[PDB]
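Notes for the one structure printed next.
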Amino acid sequence: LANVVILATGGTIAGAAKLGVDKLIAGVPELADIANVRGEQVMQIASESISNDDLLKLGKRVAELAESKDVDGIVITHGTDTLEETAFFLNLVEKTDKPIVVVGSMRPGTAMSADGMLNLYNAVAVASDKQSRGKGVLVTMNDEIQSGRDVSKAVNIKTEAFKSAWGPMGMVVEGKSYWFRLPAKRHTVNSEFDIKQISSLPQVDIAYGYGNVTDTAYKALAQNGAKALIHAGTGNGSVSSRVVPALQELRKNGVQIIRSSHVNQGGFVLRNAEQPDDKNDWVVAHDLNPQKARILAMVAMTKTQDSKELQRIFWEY
Amino acid sequence: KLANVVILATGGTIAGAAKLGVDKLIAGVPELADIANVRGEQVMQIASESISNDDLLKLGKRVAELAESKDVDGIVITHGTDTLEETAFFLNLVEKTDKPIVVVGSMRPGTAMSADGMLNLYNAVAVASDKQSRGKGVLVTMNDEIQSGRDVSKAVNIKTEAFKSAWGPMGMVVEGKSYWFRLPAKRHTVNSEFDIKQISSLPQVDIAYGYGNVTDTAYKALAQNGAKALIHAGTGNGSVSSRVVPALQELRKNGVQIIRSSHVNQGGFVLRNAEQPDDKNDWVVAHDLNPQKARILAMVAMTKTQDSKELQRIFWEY
Amino acid sequence: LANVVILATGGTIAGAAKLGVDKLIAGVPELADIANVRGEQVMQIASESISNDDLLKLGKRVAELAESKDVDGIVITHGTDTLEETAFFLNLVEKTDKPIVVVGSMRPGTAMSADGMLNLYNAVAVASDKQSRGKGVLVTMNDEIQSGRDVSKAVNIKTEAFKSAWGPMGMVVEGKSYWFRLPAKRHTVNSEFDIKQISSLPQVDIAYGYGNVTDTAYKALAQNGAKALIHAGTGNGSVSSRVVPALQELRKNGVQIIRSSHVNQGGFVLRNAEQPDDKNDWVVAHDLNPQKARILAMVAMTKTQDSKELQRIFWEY
Amino acid sequence: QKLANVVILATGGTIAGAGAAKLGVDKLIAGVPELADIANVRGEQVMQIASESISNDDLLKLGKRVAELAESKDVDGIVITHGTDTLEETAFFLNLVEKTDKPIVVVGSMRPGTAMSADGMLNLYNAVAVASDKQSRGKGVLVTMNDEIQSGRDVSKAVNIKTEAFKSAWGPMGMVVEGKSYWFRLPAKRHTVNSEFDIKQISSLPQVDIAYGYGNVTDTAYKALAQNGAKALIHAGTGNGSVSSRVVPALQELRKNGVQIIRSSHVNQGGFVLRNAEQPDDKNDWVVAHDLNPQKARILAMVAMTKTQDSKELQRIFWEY
Ligand SMILES: N[C@@H](CC(=O)O)C(=O)O
Ligand SMILES: N[C@@H](CC(=O)O)C(=O)O
Ligand SMILES: N[C@@H](CC(=O)O)C(=O)O
Ligand SMILES: N[C@@H](CC(=O)O)C(=O)O
């Protein structure tokens, strides 16, 4: 049987973030049928409260485990609120074909019809499966195999919370994986980024666009350290004429201006359509939602501050 | 006898070469005369991402004047898609008329291959002219659908199916005919407590985003710049970072309303007292309303009340 | 507390259709917090094997319970395969404002993260809520309140199985009901149909449309006693040139011809668009899928043989 | 001139309608003057039909035309204009039998070109743009409606009336915007150059028919369809390809008498039919159709049964394609 390590970080999957990883494992006795499992407690947090120091710590531990010939696959138990951020971060920085699965639950294990037991079983099943090798980071909730790149928490309350605009890649049913699509975007072994060479993360913040929005949050975020601002625009990353001149001033001051959107079910932000990105030296976030865009920007800016290069990266990952 | 419909033009891609005037929009759809007696007015000519509160009030006031007119049976507003959902919701809250009001845009300009605006505008006029539209609240007629102005949102970029509701389309409009499948459940228009005839200004309300490693910076700055309420676009069920909570408590104590929405917009809602102790902190949840929708309801509600209990009632009824 | 009766019919919700109704109720001890529950076993079937006599027996028993002063609400536990058919049938024939909720589960109770406990709790909650009165028949799976009219089993395996083209009407969360839409179509107390008058249903059958289809299934079904045929056409209820003449002959000879489709995520079939329905005296099924269209056709034909009236009905219900 | 050579094989449909199957291919091309900017476009009228009336003879004819053009050094990509009703069936058929890496795009429209805001102009432009793009090579058969790049394998007509008609349970693979292609997923199932099937070796298709499952269903349709020549039956079941107890005996007798029994469903937005779950497939020597809808399962079975009548081999095929 495969050797799978479970790194626990908290979340509702661990709600009485109360239960330790040994308790979570003990709650799924059937894990022993499909893998040789062992658990570590990396942290014990509510994921809405995650820090960049937590991401790096988790990232570095995943890398140490992926380097061990004693580990075949890795599962991370996590809160659902920022699961999608972690999953994408690991997809960019972990230079391994070994399976990495991120899993949570919408209901604590004490609730009626709690979803974590089966989610956790499926995460270990997928992490133990030869078919998962080289697929990038995966998320295994709602019987699905979702790409960590572009899966997002799209539905509140319901167990079907996690969706991608580009569909699930597969399903996991009675411990068996069934694949229907492969990834197209750069990940894990084919990434130019590596956690082994990342000691610090640049500060990236996010500001919302809406009717009657001002330049206030943009300026204030930059003044308090943002090296890049993700603009969560209306429509195709649209920017109000009131706010354009502030963003131009920010960019000249050296803040990357990355146009994302709050239009998150499909489509993407097209360069030079709604704003003159060439003239302004701005970047579009392609299909990536604001919080995903922030992750890619921050990892990218460990390597380059060149806005052309950042655009390439937003078109490749 | 054909319905008298007024088209209030505001700009948007439907008018792209916000370049074409209302008379040219109407001339572009000669089949309109088969379904209604149409006349056009240019209220403004903007890209909707650049709309101001002043612009939004001008539109609201003018809709009310035309609604009160005996020569008007329905009203169509042509509008940019970017903030169409915000305008539609605003009108839903403040226009105390049973006359149909339809807001419509397009994802492509009329110059484009397979442009969507012609049929969208025809469908808008058809719905505004239909007896079945009376008393249904503000409607949005894109993609052959009849969508509620309350909770339709621009959810898909690029594609003509851009506008979606978590609660589904209420109907369809096909070869000029309306087909209904659901009715509204939330308060609107004639059943609303709000009235644009009493509203000539709007309180400043702003939106701050939640994500990993977020700080209190944006919340503080928006309040320092005049925000009377903050919409929190949280992760998950309106969840708030432990590093933000203290600032939100400070701001609420200074009189700023704290309203928990989310960026989890395909379904579900934010539940009071679940992720945060709303009762203890005297905060409000935005129920199913996305952050921009939440901001429009908060700003309208705060013309009438600063009581967070009443605000919450309003978030549960509209 | 509301007096709720649970009428068990079988399904995976009763699997290990094995468990009796008293064991189902005992499996959710929390029901006693929210209603006074009593259970009856109406039948014990796999819903894929349901018959028209099963529908009548169930319907009649629901009508008897709705006429009782000691009953406030009724929950029917059911297999998921033909849940949508039963739900719709009851929507058409039960002339009561009392809540009627139909519920199943995708997983049996012995399974990891089984969905039946919470679905049954929610069903009782909804059946006990004054907000459910007058709403028609409801389906309460996946934390949703779905209309019995047009909810369908659209997704296999997953707990989100049940979807409507026109959206959920509400949600049920920690026992509380939250409404967002109301029904538009005729149902229950405002239906012209009543189960008290119906002794046996007309035989109606369904034939599929696809490339290189012939008239064989249509003729055989009619030969073996179909009084209407639901055409599950491609597209907008489209009919092959090789099939049209047979359907003209079958209509001439008194068989109703109802054009539905296997295009079931959205839209509707439009009269006179793909076929000359007025000339052929055929009927379109509007938005209704083939199995739902069958239910409506059977009920409708208990009142009328006039295709114009049948079309009215397909446009109102 | 460096522009890609793209041939449009017209077959009919609403894309060729007036307010179906009225306009010839020259009028289609002439209606998109911009095609000249992106490819060297030539046409051929293969047929002129409403696609709900397509035959197996029509499929073979089309397949063989596609094959010859794919073999031509003077053709870079192929576009088929088609009625939307059975577009999904043709697109999957070609994905199974065309042993080429050259782009093949199937396209239709929901509205005729005479209509307000007609969809066909842009759909055809996008089909040509995709058929001309190097990124399309090796991707299998594509469908390019609603600004999407969909897999011909598992895209289906799922929404009536609206221009977003075509959907896949597994998502769009890409989008096409201002003539440019943007990819987000790749195929996982066998297709085209990696298919074991080849139209060059198929002169005949075995007869396959489809019957529906629903309450109070009987064995009548299954028996009549087999009596009138069906070599396989696709069972369009409720739920997880579930079969009524009233029908099971009939399917066992048909199977014993040489008729393949293939369990699909009318549950088409997600999931799949799992072997041995609702019916003892092993014991009965039946096949499950996996995620494939009934009409898609019929195409696969038809093609598969040109090579094998071993139900174990047919199940392998339903799990690989
Ligand atoms: N707030 C929790 C929610 C969850 O896990 O469902 C977390 O993200 O830690
Ligand atoms: N930026 C435009 C987009 C559109 O109308 O589609 C607007 O909102 O005015
Ligand atoms: N075949 C079972 C499946 C289920 O209940 O989920 C039934 O319909 O009875
Ligand atoms: N019945 C037409 C429909 C269309 O093309 O949209 C066809 O399939 O030929």
Side-chain angles (χ1 to χ4, degrees), chain A residues 211 233-240 273-275, chain B residues 10-16 18 45-51 78-84 87 105-109 116-117 142 154 157-158 162, chain C residues 9-15 17 44-50 77-83 86 104-108 115-116 141 153 156-157 161 233-240 273-275, chain D residues 11-17 20-21 48-54 81-87 90 108-112 119-120 145 157 160-161 165 237-244 277-279:
Chain A
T234 65
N236 208 278
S238 305
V239 178
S240 170
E274 278 287 357
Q275 291 285 320
Chain B
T10 75
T13 300
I14 195 170
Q45 184 78 288
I46 69 164
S48 83
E49 68 269 23
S50 299
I51 197 163
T78 58
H79 201 285
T81 61
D82 291 349
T83 67
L84 191 153
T87 296
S106 70
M107 293 295 284
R108 306 168 183 159
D116 53 324
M142 289 171 74
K154 183 172 186 176
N157 267 322
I158 308 172
Chain C
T9 72
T12 295
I13 192 159
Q44 188 74 292
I45 69 166
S47 77
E48 73 263 27
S49 287
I50 203 162
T77 55
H78 198 288
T80 63
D81 292 354
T82 63
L83 194 153
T86 291
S105 70
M106 290 297 286
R107 304 169 188 161
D115 55 321
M141 289 166 75
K153 186 172 187 175
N156 268 325
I157 304 171
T234 63
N236 209 272
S238 308
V239 185
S240 168
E274 282 287 358
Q275 289 292 321
Chain D
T11 72
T14 297
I15 196 167
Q48 189 76 295
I49 68 170
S51 75
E52 67 270 26
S53 295
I54 201 164
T81 55
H82 200 285
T84 59
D85 294 349
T86 68
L87 192 153
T90 294
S109 74
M110 292 294 286
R111 304 174 185 156
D119 51 330
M145 296 165 72
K157 191 176 177 170
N160 266 322
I161 303 172
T238 62
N240 209 278
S242 299
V243 182
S244 175
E278 280 283 3
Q279 289 292 321

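Chain letters run A, B, ... following the sequence lines, proteins first, then strands; residues in each count from 1. Only heavy atoms go into these numbers, but all of them, side chains included; no hydrogens, no water, no symmetry mates. Remember, it's 1-based here, ligands and their atoms both numbered in the order they're listed.
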* Structure fact -> When every non-hydrogen atom of C/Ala273 is compared with those of C/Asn236, the smallest separation belongs to CB-OD1, 4.5 Å
* Nearest heavy atoms of B/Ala18 and B/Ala47, plus distance in Å -> CB-N, 4.1 Å
* Using a 4.0 Å heavy-atom threshold (strictly under), name the region of B/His79 that reaches ligand 2: side chain, backbone, both or neither. => neither
* From CA spacing to verdict: side-chain contact (heavy atoms from CB on, under 4.5 Å), C/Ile13, C/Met141 -> CA-CA 11 Å; C/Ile13 192 159; C/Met141 289 166 75; over 6 Å; no
* Subset of ligand 4 atoms that lie under 4.0 Å from at least one heavy atom of D/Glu52 -> 1 (N), 2 (C), 7 (C), 8 (O), 9 (O)
* Asked: Are D/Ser109 and ligand 4 in contact, using a heavy-atom cut-off of under 4.0 Å?
  -> yes
* Between B/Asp82 and ligand 2, is there a nitrogen or oxygen pair with a distance under 3.5 Å? -> yes
* Asked: What are the two closest non-hydrogen atoms of C/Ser47 and C/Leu83, and how far apart are they?
  -> OG-N, 4.4 Å
* Asked: Does some side-chain heavy atom of D/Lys157 sit less than 4.5 Å from a side-chain heavy atom of D/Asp85?
  -> yes
* Asked: Shortest non-hydrogen contact from B/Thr81 to B/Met107?
  -> OG1-SD, 3.8 Å
* Asked: Closest approach of B/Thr83 and A/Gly211, non-hydrogen atoms and distance?
  -> CG2-N, 4.1 Å
* Please report which non-hydrogen protein atom sits nearest to atom 6 (O) of ligand 4, along with the residue it belongs to and the distance in Å to one decimal place. => D/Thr84 OG1, 2.6 Å
* Going by the order shown, which atoms of ligand 3 are within less than 4.0 Å of some heavy atom of C/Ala46? -> 9 (O)
* To do: Give the residue, atom name and distance (to 0.1 Å) of the protein heavy atom nearest atom 9 (O) of ligand 3.
  => C/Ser47 N, 2.8 Å
* Structure fact -> Numbered in order shown, the ligand 3 atoms found under 4.0 Å of a heavy atom of D/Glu278 are 1 (N), 2 (C), 3 (C)
* Structure fact -> One finds that the ligand 3 atoms under 4.0 Å from a non-hydrogen atom of C/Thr12 are 2 (C), 3 (C), 4 (C), 5 (O), 6 (O)
* Asked: If you measure from each non-hydrogen atom of C/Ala17 to ligand 3, which part falls under 4.0 Å: side chain, backbone, both or neither?
  -> neither
